[PDB]
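Visitor: coordinates only, sequence not included:
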């Protein structure tokens, strides 16, 4: 296939980048130690598309932790929200409200979880987190919707307060 | 209405609906709102409970859980093949100490009878009888009421008159 080397990151193909992200998240999942790492691994897996191995990992919280109810509810919701056709307006409204109130990571995660990554990328770019939005657009999304996000990122990179024309040229 | 458990099912349901409406009219604090939401979700009025769930202030510590619960109540209204894991999770929560939270979920999904026996197993006879009177067709409530009559006939309860009435 002759793919570009991974030393260029966002300049590579979608599948080649996705394979490396899968390998990295597998490495992260292998060496979890405490509760402050399992949550982050679950959050990463919930945006990398792995839905089957995240529910099982969620159903492991101890009966004494204060977040057991939240994790159980999240696992059940993820199990039962696998349908994207009907009953998606209220979920989108809740995600938008959570994003507006300040909780951005949860709203973006939920939006990418249900049916939509482009809107989550747009909200991420609106709040100034361009790197995570670009990474999200590279991982998920068809090569027809990521083009607009990358063009917007290039236009942002051409601002006089950034002066990163070389990266814009590469993208 | 003089006899609580000796009346018809529709009459009892209408009276508890009238009671919960009056309890919802005069909400004052957040704990009363939580109790009213619990009662409405246990009674089956999910449509008016979702709206009442999406009213938590953006400063309370329970906003996230209440926002996640409102979507869950809306999405799992159907009972398909993806319900076994939900029942397993509810059974684990009940066996882990929290009974009301799991009984509520079991009633919400499709299973009033399972919640009724779990309530009877843990000694909540009055609440289980109320649950059986409110929901369930007049074919499974009979077994639940006979199981309560058997308890009422024990030599430790000595409430044989109430058992005769039931």
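Guide: Received it, and whenever you're ready, just let me know what you need. Numbering: from 1, shown residues only, chains lettered A, B, ... in the order given.

Visitor: List, one by one, the residues from chain A near chain B.
Guide: Applying CB under 8 Å from any CB of the partner chain, we find that chain A lies next to chain B at A:55, A:59, A:63, A:69-70, A:72-77, A:79-83, A:87, A:90-91, A:94, A:97-98, A:101, A:103, A:106. No exception for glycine: its C-beta is placed from N, CA and C like everyone else's.

Visitor: can you do 6 Å?
Guide: A:63, A:70, A:72-73, A:76-77, A:79-81, A:87, A:90-91, A:94, A:101 (CB under 6 Å from any CB of the partner chain).

Visitor: Please convert these to a markdown table, extending it with neighbour count and secondary structure.
Guide: Output for these, formatted as a markdown table (neighbours: other CB atoms under 10 Å in any protein chain shown; DSSP: H, G, I helix; E, B strand; the rest coil):
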| residue | neighbour count | secondary structure |
| --- | --- | --- |
| A:63 | 11 | coil |
| A:70 | 15 | helix |
| A:72 | 20 | helix |
| A:73 | 19 | helix |
| A:76 | 24 | helix |
| A:77 | 18 | helix |
| A:79 | 20 | helix |
| A:80 | 19 | helix |
| A:81 | 20 | coil |
| A:87 | 14 | coil |
| A:90 | 14 | helix |
| A:91 | 21 | helix |
| A:94 | 18 | helix |
| A:101 | 13 | helix |
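
Visitor: biggest helix in chain A by residues?
Guide: helix A:14-30 (DSSP state H).

Visitor: Give the buried residues for stretch A:45-64.
Guide: A:45, A:46, A:47, A:48, A:50, A:54, A:55, A:57, A:58, A:59, A:61 (16 or more other CB atoms under 10 Å in any protein chain shown).

Visitor: mind checking how far the fourth one is from residue A:28?
Guide: Spelled out, that is residue A:48. Taken as CB to CB, to the nearest Å, the spacing of residue A:48 relative to residue A:28 amounts to 11 Å.

Visitor: just the last one next, same as before
Guide: Distance, residue A:61 to residue A:28, by CB to CB: 19 Å.

Visitor: Same question for the second one.
Guide: As defined by CB to CB, residue A:46 lies at a distance of 13 Å from residue A:28.

Visitor: show me the contacts for the residue most central in space within chain A.
Guide: Central residue of chain A (CA atoms, centre = their mean): residue A:47, 3.8 Å from the mean position. Contact analysis of residue A:47 by CB atoms under 6 Å, 6 or more residues apart in numbering or on different chains lists residue A:112.

Visitor: Now with 7 Å, please.
Guide: Contact analysis of residue A:47 by CB atoms under 7 Å, 6 or more residues apart in numbering or on different chains lists A:109, A:112, A:136.

Visitor: Switch those residues over to JSON lines; also include neighbour count and secondary structure.
Guide: Putting these into JSON lines (neighbours: other CB under 10 Å; three-state DSSP) gives the following:
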{"residue": "A:109", "neighbour count": "20", "secondary structure": "helix"}
{"residue": "A:112", "neighbour count": "23", "secondary structure": "helix"}
{"residue": "A:136", "neighbour count": "23", "secondary structure": "helix"}
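
Visitor: Residue A:8: which of those residues is nearest?
Guide: Closest approach between the contacts of residue A:47 and residue A:8, by CB to CB: residue A:136, at 18.3 Å.

Visitor: how about the residue nearest to the closest one when sequence neighbours are not counted, phi and psi?
Guide: Closest residue in space to residue A:136, ignoring its immediate chain neighbours: residue A:121 at 5.4 Å, by CB to CB, 6 or more residues apart in numbering or on different chains. The phi/psi pair for residue A:121 (degrees, to the nearest 10) reads phi -60, psi -40.

Visitor: Could you check how far residue A:121 is from residue A:160?
Guide: Using CB to CB, which is the criterion applied here, residue A:121 is 24 Å from residue A:160.

Visitor: one step back: any chance of the contacts of residue A:47 in JSON lines, plus distance to residue A:142?
Guide: Putting the contacts of residue A:47 into JSON lines (distance: CB to CB, whole Å) gives the following:
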{"residue": "A:109", "distance to residue A:142": "20"}
{"residue": "A:112", "distance to residue A:142": "14"}
{"residue": "A:136", "distance to residue A:142": "13"}
